[PDB]
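Content type compact mmCIF, N, CA and C atoms, from the file structure13.txt:
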# COMPACT_ATOMS: atom_id res chain seq x y z
N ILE A 1 -39.24 10.66 9.47
CA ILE A 1 -38.33 9.63 9.96
C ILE A 1 -37.40 9.14 8.86
N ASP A 2 -37.94 8.87 7.67
CA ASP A 2 -37.12 8.28 6.61
C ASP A 2 -36.14 9.29 6.02
N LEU A 3 -36.43 10.59 6.16
CA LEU A 3 -35.52 11.61 5.68
C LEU A 3 -34.61 12.15 6.78
N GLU A 4 -34.86 11.79 8.04
CA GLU A 4 -33.89 12.06 9.08
C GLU A 4 -32.72 11.09 9.00
N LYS A 5 -33.02 9.80 8.80
CA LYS A 5 -31.96 8.81 8.61
C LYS A 5 -31.24 8.97 7.28
N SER A 6 -31.88 9.62 6.30
CA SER A 6 -31.22 9.93 5.04
C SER A 6 -30.12 10.97 5.20
N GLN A 7 -30.19 11.79 6.25
CA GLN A 7 -29.06 12.64 6.61
C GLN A 7 -27.89 11.81 7.12
N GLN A 8 -28.15 10.97 8.12
CA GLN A 8 -27.10 10.23 8.80
C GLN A 8 -26.53 9.10 7.96
N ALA A 9 -27.24 8.66 6.92
CA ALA A 9 -26.75 7.55 6.11
C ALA A 9 -25.54 7.96 5.27
N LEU A 10 -25.51 9.22 4.82
CA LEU A 10 -24.45 9.69 3.94
C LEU A 10 -23.22 10.19 4.70
N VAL A 11 -23.26 10.21 6.04
CA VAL A 11 -22.13 10.72 6.80
C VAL A 11 -21.37 9.56 7.45
N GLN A 12 -21.99 8.38 7.50
CA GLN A 12 -21.21 7.18 7.79
C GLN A 12 -20.72 6.50 6.52
N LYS A 13 -21.40 6.73 5.39
CA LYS A 13 -20.92 6.20 4.12
C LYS A 13 -19.65 6.90 3.68
N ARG A 14 -19.61 8.23 3.81
CA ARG A 14 -18.54 9.01 3.19
C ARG A 14 -17.22 8.87 3.93
N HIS A 15 -17.25 8.79 5.26
CA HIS A 15 -16.00 8.70 6.01
C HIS A 15 -15.38 7.31 5.97
N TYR A 16 -16.18 6.27 5.68
CA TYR A 16 -15.60 4.95 5.43
C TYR A 16 -14.85 4.91 4.11
N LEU A 17 -15.50 5.35 3.02
CA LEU A 17 -14.89 5.22 1.71
C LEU A 17 -13.82 6.27 1.45
N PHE A 18 -13.76 7.34 2.24
CA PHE A 18 -12.68 8.31 2.07
C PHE A 18 -11.45 7.95 2.88
N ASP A 19 -11.50 6.87 3.66
CA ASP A 19 -10.30 6.28 4.24
C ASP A 19 -9.91 4.98 3.55
N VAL A 20 -10.83 4.38 2.79
CA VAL A 20 -10.47 3.28 1.90
C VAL A 20 -9.56 3.80 0.80
N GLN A 21 -9.85 4.99 0.27
CA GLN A 21 -8.96 5.65 -0.68
C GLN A 21 -7.63 6.07 -0.06
N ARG A 22 -7.56 6.19 1.27
CA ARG A 22 -6.28 6.39 1.92
C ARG A 22 -5.45 5.11 1.90
N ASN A 23 -6.09 3.98 2.21
CA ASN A 23 -5.37 2.72 2.38
C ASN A 23 -5.28 1.88 1.11
N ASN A 24 -6.10 2.15 0.09
CA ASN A 24 -5.90 1.48 -1.19
C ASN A 24 -4.68 2.01 -1.92
N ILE A 25 -4.30 3.26 -1.68
CA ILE A 25 -3.05 3.80 -2.21
C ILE A 25 -1.89 3.53 -1.26
N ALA A 26 -2.17 3.28 0.03
CA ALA A 26 -1.11 2.97 0.98
C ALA A 26 -0.49 1.61 0.71
N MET A 27 -1.28 0.64 0.26
CA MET A 27 -0.72 -0.66 -0.11
C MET A 27 0.07 -0.57 -1.41
N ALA A 28 -0.18 0.46 -2.23
CA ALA A 28 0.49 0.57 -3.52
C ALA A 28 1.95 0.99 -3.37
N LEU A 29 2.33 1.56 -2.23
CA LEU A 29 3.71 1.95 -2.01
C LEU A 29 4.51 0.93 -1.22
N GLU A 30 3.85 0.09 -0.42
CA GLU A 30 4.56 -0.97 0.29
C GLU A 30 4.98 -2.08 -0.67
N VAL A 31 4.07 -2.50 -1.56
CA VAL A 31 4.38 -3.58 -2.49
C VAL A 31 5.29 -3.14 -3.62
N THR A 32 5.53 -1.84 -3.77
CA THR A 32 6.56 -1.36 -4.68
C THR A 32 7.82 -0.94 -3.95
N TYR A 33 7.82 -0.98 -2.61
CA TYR A 33 9.06 -0.85 -1.87
C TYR A 33 9.61 -2.21 -1.47
N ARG A 34 8.71 -3.15 -1.13
CA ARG A 34 9.12 -4.51 -0.81
C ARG A 34 9.73 -5.20 -2.03
N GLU A 35 9.18 -4.92 -3.22
CA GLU A 35 9.75 -5.43 -4.45
C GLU A 35 10.96 -4.63 -4.91
N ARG A 36 11.24 -3.48 -4.30
CA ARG A 36 12.49 -2.77 -4.55
C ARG A 36 13.64 -3.34 -3.74
N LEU A 37 13.39 -3.75 -2.50
CA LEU A 37 14.42 -4.40 -1.70
C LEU A 37 14.68 -5.81 -2.20
N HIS A 38 13.65 -6.48 -2.73
CA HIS A 38 13.80 -7.85 -3.18
C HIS A 38 14.52 -7.95 -4.51
N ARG A 39 14.27 -7.02 -5.43
CA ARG A 39 14.86 -7.11 -6.77
C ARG A 39 16.35 -6.80 -6.74
N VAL A 40 16.78 -5.95 -5.80
CA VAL A 40 18.20 -5.60 -5.73
C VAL A 40 19.00 -6.75 -5.11
N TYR A 41 18.32 -7.71 -4.48
CA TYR A 41 18.98 -8.95 -4.11
C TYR A 41 18.99 -9.95 -5.26
N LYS A 42 18.02 -9.84 -6.18
CA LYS A 42 17.90 -10.81 -7.26
C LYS A 42 18.98 -10.61 -8.31
N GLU A 43 19.28 -9.36 -8.66
CA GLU A 43 20.29 -9.10 -9.68
C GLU A 43 21.71 -9.14 -9.14
N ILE A 44 21.89 -9.28 -7.83
CA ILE A 44 23.21 -9.59 -7.28
C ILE A 44 23.32 -11.06 -6.93
N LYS A 45 22.22 -11.81 -6.97
CA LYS A 45 22.26 -13.26 -6.87
C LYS A 45 22.64 -13.89 -8.20
N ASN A 46 22.36 -13.20 -9.31
CA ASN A 46 22.74 -13.69 -10.63
C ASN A 46 24.25 -13.72 -10.80
N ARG A 47 24.95 -12.74 -10.23
CA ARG A 47 26.41 -12.74 -10.28
C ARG A 47 27.01 -13.70 -9.26
N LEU A 48 26.31 -13.96 -8.16
CA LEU A 48 26.68 -15.01 -7.22
C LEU A 48 26.42 -16.41 -7.77
N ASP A 49 25.64 -16.52 -8.85
CA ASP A 49 25.36 -17.80 -9.48
C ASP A 49 26.12 -18.01 -10.78
N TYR A 50 26.59 -16.94 -11.42
CA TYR A 50 27.20 -17.06 -12.74
C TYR A 50 28.63 -17.55 -12.66
N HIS A 51 29.44 -16.93 -11.78
CA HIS A 51 30.88 -17.18 -11.81
C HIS A 51 31.23 -18.55 -11.25
N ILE A 52 30.36 -19.13 -10.43
CA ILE A 52 30.53 -20.52 -10.03
C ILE A 52 30.22 -21.45 -11.20
N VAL B 1 51.27 -55.17 -5.71
CA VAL B 1 50.49 -54.24 -6.52
C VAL B 1 50.81 -52.80 -6.12
N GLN B 2 51.62 -52.64 -5.08
CA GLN B 2 52.06 -51.30 -4.70
C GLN B 2 53.10 -50.77 -5.68
N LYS B 3 53.91 -51.66 -6.26
CA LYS B 3 54.86 -51.23 -7.28
C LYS B 3 54.15 -50.82 -8.56
N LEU B 4 52.99 -51.41 -8.82
CA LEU B 4 52.14 -50.93 -9.90
C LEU B 4 51.45 -49.63 -9.50
N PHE B 5 51.22 -49.45 -8.20
CA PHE B 5 50.49 -48.29 -7.71
C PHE B 5 51.30 -47.01 -7.85
N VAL B 6 52.59 -47.05 -7.48
CA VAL B 6 53.43 -45.85 -7.53
C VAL B 6 53.77 -45.50 -8.98
N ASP B 7 53.68 -46.49 -9.88
CA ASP B 7 53.83 -46.21 -11.31
C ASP B 7 52.68 -45.33 -11.82
N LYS B 8 51.49 -45.47 -11.23
CA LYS B 8 50.40 -44.55 -11.55
C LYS B 8 50.66 -43.16 -10.97
N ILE B 9 51.23 -43.09 -9.76
CA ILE B 9 51.46 -41.81 -9.10
C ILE B 9 52.54 -41.01 -9.83
N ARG B 10 53.46 -41.71 -10.49
CA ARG B 10 54.46 -41.03 -11.31
C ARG B 10 53.81 -40.32 -12.49
N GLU B 11 52.86 -40.98 -13.16
CA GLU B 11 52.30 -40.41 -14.38
C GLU B 11 51.25 -39.35 -14.08
N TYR B 12 50.78 -39.26 -12.84
CA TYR B 12 49.92 -38.15 -12.47
C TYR B 12 50.73 -36.87 -12.27
N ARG B 13 51.98 -37.01 -11.84
CA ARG B 13 52.80 -35.84 -11.57
C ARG B 13 53.43 -35.29 -12.84
N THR B 14 53.62 -36.14 -13.86
CA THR B 14 54.04 -35.63 -15.16
C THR B 14 52.86 -35.02 -15.91
N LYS B 15 51.64 -35.36 -15.50
CA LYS B 15 50.46 -34.67 -16.01
C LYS B 15 50.25 -33.36 -15.27
N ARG B 16 50.82 -33.24 -14.07
CA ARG B 16 50.77 -31.97 -13.34
C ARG B 16 51.70 -30.94 -13.97
N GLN B 17 52.85 -31.38 -14.49
CA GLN B 17 53.76 -30.46 -15.15
C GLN B 17 53.21 -30.05 -16.50
N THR B 18 52.54 -28.90 -16.54
CA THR B 18 51.93 -28.39 -17.76
C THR B 18 52.41 -26.96 -18.01
N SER B 19 52.52 -26.61 -19.29
CA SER B 19 52.93 -25.28 -19.72
C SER B 19 52.08 -24.75 -20.86
N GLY B 20 51.37 -25.62 -21.58
CA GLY B 20 50.49 -25.20 -22.65
C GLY B 20 49.06 -25.64 -22.42
N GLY B 21 48.80 -26.26 -21.27
CA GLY B 21 47.47 -26.71 -20.93
C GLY B 21 47.10 -28.03 -21.58
N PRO B 22 46.01 -28.04 -22.35
CA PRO B 22 45.56 -29.29 -22.98
C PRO B 22 46.46 -29.68 -24.15
N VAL B 23 47.28 -30.70 -23.93
CA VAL B 23 48.18 -31.21 -24.95
C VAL B 23 47.47 -32.16 -25.91
N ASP B 24 46.58 -33.02 -25.40
CA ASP B 24 45.89 -34.00 -26.24
C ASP B 24 44.55 -33.50 -26.75
N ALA B 25 44.03 -32.40 -26.19
CA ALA B 25 42.74 -31.89 -26.63
C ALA B 25 42.84 -31.21 -27.98
N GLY B 26 43.74 -30.24 -28.11
CA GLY B 26 43.90 -29.50 -29.34
C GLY B 26 42.72 -28.58 -29.58
N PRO B 27 42.35 -28.41 -30.85
CA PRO B 27 41.21 -27.53 -31.15
C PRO B 27 39.86 -28.18 -30.90
N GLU B 28 39.83 -29.49 -30.65
CA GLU B 28 38.56 -30.19 -30.49
C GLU B 28 37.90 -29.83 -29.17
N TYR B 29 38.67 -29.81 -28.08
CA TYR B 29 38.10 -29.45 -26.78
C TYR B 29 38.04 -27.94 -26.60
N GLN B 30 38.79 -27.20 -27.42
CA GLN B 30 38.77 -25.75 -27.32
C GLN B 30 37.56 -25.16 -28.03
N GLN B 31 37.17 -25.75 -29.17
CA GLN B 31 36.01 -25.25 -29.89
C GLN B 31 34.72 -25.78 -29.29
N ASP B 32 34.81 -26.84 -28.48
CA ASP B 32 33.61 -27.42 -27.89
C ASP B 32 33.11 -26.59 -26.71
N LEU B 33 33.94 -26.46 -25.67
CA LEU B 33 33.49 -25.84 -24.42
C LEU B 33 33.34 -24.33 -24.55
N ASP B 34 33.99 -23.74 -25.55
CA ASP B 34 33.75 -22.33 -25.84
C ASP B 34 32.40 -22.14 -26.50
N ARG B 35 32.00 -23.09 -27.35
CA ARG B 35 30.68 -23.01 -27.98
C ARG B 35 29.60 -23.56 -27.06
N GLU B 36 29.99 -24.43 -26.12
CA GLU B 36 29.00 -25.01 -25.21
C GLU B 36 28.56 -24.01 -24.16
N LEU B 37 29.51 -23.23 -23.62
CA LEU B 37 29.16 -22.24 -22.61
C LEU B 37 28.40 -21.07 -23.23
N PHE B 38 28.76 -20.68 -24.45
CA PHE B 38 28.07 -19.58 -25.11
C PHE B 38 26.67 -19.99 -25.55
N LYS B 39 26.46 -21.28 -25.79
CA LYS B 39 25.11 -21.78 -26.00
C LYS B 39 24.34 -21.86 -24.69
N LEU B 40 25.07 -21.99 -23.57
CA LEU B 40 24.41 -22.03 -22.27
C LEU B 40 24.27 -20.63 -21.68
N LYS B 41 25.20 -19.72 -22.00
CA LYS B 41 25.08 -18.35 -21.52
C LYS B 41 24.00 -17.60 -22.29
N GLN B 42 23.69 -18.05 -23.51
CA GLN B 42 22.55 -17.49 -24.24
C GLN B 42 21.24 -17.91 -23.59
N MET B 43 21.24 -19.06 -22.90
CA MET B 43 20.08 -19.46 -22.12
C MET B 43 20.16 -18.92 -20.69
N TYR B 44 21.35 -18.49 -20.26
CA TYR B 44 21.53 -18.01 -18.90
C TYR B 44 21.12 -16.55 -18.76
N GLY B 45 21.78 -15.65 -19.49
CA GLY B 45 21.50 -14.23 -19.40
C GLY B 45 22.69 -13.35 -19.73
N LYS B 46 22.43 -12.16 -20.26
CA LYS B 46 23.46 -11.22 -20.70
C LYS B 46 23.81 -10.31 -19.52
N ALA B 47 24.74 -10.76 -18.69
CA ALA B 47 25.18 -10.00 -17.52
C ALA B 47 26.69 -9.86 -17.56
N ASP B 48 27.17 -8.67 -17.19
CA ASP B 48 28.60 -8.39 -17.22
C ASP B 48 29.30 -9.00 -16.01
N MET B 49 30.63 -8.87 -15.99
CA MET B 49 31.44 -9.45 -14.93
C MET B 49 31.50 -8.58 -13.68
N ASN B 50 31.35 -7.26 -13.81
CA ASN B 50 31.44 -6.38 -12.66
C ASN B 50 30.42 -5.25 -12.65
N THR B 51 29.49 -5.21 -13.60
CA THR B 51 28.50 -4.13 -13.66
C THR B 51 27.37 -4.45 -12.69
N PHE B 52 27.32 -3.71 -11.59
CA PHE B 52 26.24 -3.88 -10.63
C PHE B 52 24.98 -3.19 -11.15
N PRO B 53 23.81 -3.82 -11.02
CA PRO B 53 22.58 -3.23 -11.55
C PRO B 53 21.95 -2.23 -10.59
N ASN B 54 21.38 -1.18 -11.18
CA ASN B 54 20.67 -0.16 -10.43
C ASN B 54 19.66 0.50 -11.36
N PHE B 55 18.43 0.65 -10.87
CA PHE B 55 17.35 1.21 -11.68
C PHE B 55 16.27 1.75 -10.75
N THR B 56 15.20 2.25 -11.36
CA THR B 56 14.06 2.78 -10.65
C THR B 56 12.78 2.38 -11.37
N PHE B 57 11.66 2.48 -10.66
CA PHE B 57 10.36 2.11 -11.18
C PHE B 57 9.36 3.22 -10.94
N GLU B 58 8.37 3.31 -11.82
CA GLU B 58 7.32 4.32 -11.71
C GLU B 58 6.02 3.69 -11.22
N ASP B 59 5.50 4.23 -10.13
CA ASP B 59 4.25 3.77 -9.56
C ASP B 59 3.07 4.38 -10.30
N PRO B 60 1.86 3.86 -10.09
CA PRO B 60 0.70 4.35 -10.85
C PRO B 60 0.23 5.70 -10.31
N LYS B 61 -0.15 6.59 -11.22
CA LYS B 61 -0.67 7.89 -10.83
C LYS B 61 -2.06 7.74 -10.24
N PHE B 62 -2.17 7.95 -8.93
CA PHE B 62 -3.43 7.79 -8.22
C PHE B 62 -4.35 8.96 -8.56
N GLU B 63 -5.18 8.79 -9.58
CA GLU B 63 -6.08 9.84 -10.03
C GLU B 63 -7.37 9.83 -9.21
N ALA B 64 -8.22 10.82 -9.48
CA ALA B 64 -9.49 10.95 -8.79
C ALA B 64 -10.58 11.28 -9.81
N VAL B 65 -11.83 11.19 -9.36
CA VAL B 65 -12.99 11.51 -10.18
C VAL B 65 -13.96 12.35 -9.36
N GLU B 66 -15.04 12.78 -10.01
CA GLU B 66 -16.05 13.60 -9.37
C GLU B 66 -17.38 12.85 -9.30
N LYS B 67 -18.13 13.12 -8.23
CA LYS B 67 -19.44 12.53 -8.03
C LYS B 67 -20.29 13.46 -7.17
N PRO B 68 -21.27 14.14 -7.76
CA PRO B 68 -22.05 15.12 -6.99
C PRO B 68 -23.14 14.48 -6.15
N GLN B 69 -22.90 14.48 -4.84
CA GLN B 69 -23.85 13.99 -3.86
C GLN B 69 -23.85 14.93 -2.66
N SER B 70 -25.05 15.41 -2.32
CA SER B 70 -25.30 16.42 -1.27
C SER B 70 -24.50 17.69 -1.50
Turn this file's structure into structure tokens for me.
Amino acid sequence: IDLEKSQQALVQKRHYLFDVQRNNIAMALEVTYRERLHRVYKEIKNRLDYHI
Amino acid sequence: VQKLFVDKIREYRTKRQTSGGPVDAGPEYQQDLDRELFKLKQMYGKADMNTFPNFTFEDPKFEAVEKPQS
């Protein structure tokens, strides 16, 4: 009994953490694209603030 | 007091007629605000008048490791 569940324990463990590695890198590209759209507004706000 | 009032309006229009700019300032107001803005632009930032900024960024290299199980 204890070695039958030892089969099934590693097949629910592995598919959870192999999609966490999908989504831990998925957030790494959104927060570097959201900060790409935001920064290009910041360095054109400096010229909208300087000449006044 | 209206006759005193239009006497003020006369001297504002002779102050409008300018050809050399600051007549009473001289070098005192010219050396001040040129040094005042450059002391403030040093606190503001080194940005050009028409150079639009453009750049790129490098994301982290998503590496992997090994772990022998089953």
- [ ] Please indicate the distance in Å from atom N of residue 30 of chain B to atom C of residue 18 of chain B, rounded to one decimal place.
- [x]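 Atom-to-atom, atom N of residue 30 of chain B to atom C of residue 18 of chain B, that is 16.6 Å.
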Open item on the list: What are the residues of chain A lining chain B at 8 Å or less? Count only N, CA and C atoms, and put the answer as an NGL selection string.
Closed with: :A and (25 or 28-29 or 32 or 40 or 43-44 or 46-47)
Task: Coordinates-based distance that separates atom C of residue 50 of chain A from atom C of residue 39 of chain B (Å, one decimal) - done: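 A separation of 13.5 Å between them.
Coordinates place atom CA of residue 33 of chain B at a distance of 23.8 Å from atom CA of residue 12 of chain B.
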Exercise on segment 3-19 of chain B, axis-aligned box with 3 Å per side, report centre and edge lengths in Å to one decimal, as JSON:
{"center_x": 52.4, "center_y": -38.2, "center_z": -13.6, "size_x": 10.9, "size_y": 32.9, "size_z": 20.6}
TODO: Write down as a PyMOL selection string the residues belonging to chain B that are assigned alpha helix (DSSP H) by DSSP computed on the backbone.
DONE: chain B and resi 2-16+27-44
Where atoms are lacking, segment 11-31 of chain B completed to N, CA, C and O atoms, as a JSON list (two decimals), keeping the file's coordinate frame:
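out-v9.json written:
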[["chain", "number", "residue", "atom", "x", "y", "z"],
["B", 11, "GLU", "N", 52.86, -40.98, -13.16],
["B", 11, "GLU", "CA", 52.30, -40.41, -14.38],
["B", 11, "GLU", "C", 51.25, -39.35, -14.08],
["B", 11, "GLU", "O", 50.85, -38.60, -14.98],
["B", 12, "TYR", "N", 50.78, -39.26, -12.84],
["B", 12, "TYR", "CA", 49.92, -38.15, -12.47],
["B", 12, "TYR", "C", 50.73, -36.87, -12.27],
["B", 12, "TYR", "O", 50.23, -35.77, -12.50],
["B", 13, "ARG", "N", 51.98, -37.01, -11.84],
["B", 13, "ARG", "CA", 52.80, -35.84, -11.57],
["B", 13, "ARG", "C", 53.43, -35.29, -12.84],
["B", 13, "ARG", "O", 53.75, -34.10, -12.92],
["B", 14, "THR", "N", 53.62, -36.14, -13.86],
["B", 14, "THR", "CA", 54.04, -35.63, -15.16],
["B", 14, "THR", "C", 52.86, -35.02, -15.91],
["B", 14, "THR", "O", 53.05, -34.25, -16.86],
["B", 15, "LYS", "N", 51.64, -35.36, -15.50],
["B", 15, "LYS", "CA", 50.46, -34.67, -16.01],
["B", 15, "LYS", "C", 50.25, -33.36, -15.27],
["B", 15, "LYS", "O", 49.59, -32.44, -15.77],
["B", 16, "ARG", "N", 50.82, -33.24, -14.07],
["B", 16, "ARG", "CA", 50.77, -31.97, -13.34],
["B", 16, "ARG", "C", 51.70, -30.94, -13.97],
["B", 16, "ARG", "O", 51.38, -29.74, -13.99],
["B", 17, "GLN", "N", 52.85, -31.38, -14.49],
["B", 17, "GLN", "CA", 53.76, -30.46, -15.15],
["B", 17, "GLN", "C", 53.21, -30.05, -16.50],
["B", 17, "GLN", "O", 53.39, -30.75, -17.50],
["B", 18, "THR", "N", 52.54, -28.90, -16.54],
["B", 18, "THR", "CA", 51.93, -28.39, -17.76],
["B", 18, "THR", "C", 52.41, -26.96, -18.01],
["B", 18, "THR", "O", 52.72, -26.22, -17.07],
["B", 19, "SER", "N", 52.52, -26.61, -19.29],
["B", 19, "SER", "CA", 52.93, -25.28, -19.72],
["B", 19, "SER", "C", 52.08, -24.75, -20.86],
["B", 19, "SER", "O", 52.07, -23.54, -21.10],
["B", 20, "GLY", "N", 51.37, -25.62, -21.58],
["B", 20, "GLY", "CA", 50.49, -25.20, -22.65],
["B", 20, "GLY", "C", 49.06, -25.64, -22.42],
["B", 20, "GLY", "O", 48.19, -25.41, -23.27],
["B", 21, "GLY", "N", 48.80, -26.26, -21.27],
["B", 21, "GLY", "CA", 47.47, -26.71, -20.93],
["B", 21, "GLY", "C", 47.10, -28.03, -21.58],
["B", 21, "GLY", "O", 47.78, -29.05, -21.40],
["B", 22, "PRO", "N", 46.01, -28.04, -22.35],
["B", 22, "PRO", "CA", 45.56, -29.29, -22.98],
["B", 22, "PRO", "C", 46.46, -29.68, -24.15],
["B", 22, "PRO", "O", 46.41, -29.08, -25.23],
["B", 23, "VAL", "N", 47.28, -30.70, -23.93],
["B", 23, "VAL", "CA", 48.18, -31.21, -24.95],
["B", 23, "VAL", "C", 47.47, -32.16, -25.91],
["B", 23, "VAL", "O", 47.67, -32.09, -27.13],
["B", 24, "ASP", "N", 46.58, -33.02, -25.40],
["B", 24, "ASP", "CA", 45.89, -34.00, -26.24],
["B", 24, "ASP", "C", 44.55, -33.50, -26.75],
["B", 24, "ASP", "O", 43.98, -34.12, -27.66],
["B", 25, "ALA", "N", 44.03, -32.40, -26.19],
["B", 25, "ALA", "CA", 42.74, -31.89, -26.63],
["B", 25, "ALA", "C", 42.84, -31.21, -27.98],
["B", 25, "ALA", "O", 42.11, -31.56, -28.92],
["B", 26, "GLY", "N", 43.74, -30.24, -28.11],
["B", 26, "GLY", "CA", 43.90, -29.50, -29.34],
["B", 26, "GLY", "C", 42.72, -28.58, -29.58],
["B", 26, "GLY", "O", 42.13, -28.02, -28.65],
["B", 27, "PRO", "N", 42.35, -28.41, -30.85],
["B", 27, "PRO", "CA", 41.21, -27.53, -31.15],
["B", 27, "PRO", "C", 39.86, -28.18, -30.90],
["B", 27, "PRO", "O", 38.83, -27.49, -30.95],
["B", 28, "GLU", "N", 39.83, -29.49, -30.65],
["B", 28, "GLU", "CA", 38.56, -30.19, -30.49],
["B", 28, "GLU", "C", 37.90, -29.83, -29.17],
["B", 28, "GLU", "O", 36.69, -29.58, -29.12],
["B", 29, "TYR", "N", 38.67, -29.81, -28.08],
["B", 29, "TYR", "CA", 38.10, -29.45, -26.78],
["B", 29, "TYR", "C", 38.04, -27.94, -26.60],
["B", 29, "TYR", "O", 37.33, -27.44, -25.73],
["B", 30, "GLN", "N", 38.79, -27.20, -27.42],
["B", 30, "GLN", "CA", 38.77, -25.75, -27.32],
["B", 30, "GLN", "C", 37.56, -25.16, -28.03],
["B", 30, "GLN", "O", 36.96, -24.18, -27.56],
["B", 31, "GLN", "N", 37.17, -25.75, -29.17],
["B", 31, "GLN", "CA", 36.01, -25.25, -29.89],
["B", 31, "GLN", "C", 34.72, -25.78, -29.29],
["B", 31, "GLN", "O", 33.63, -25.25, -29.55]]
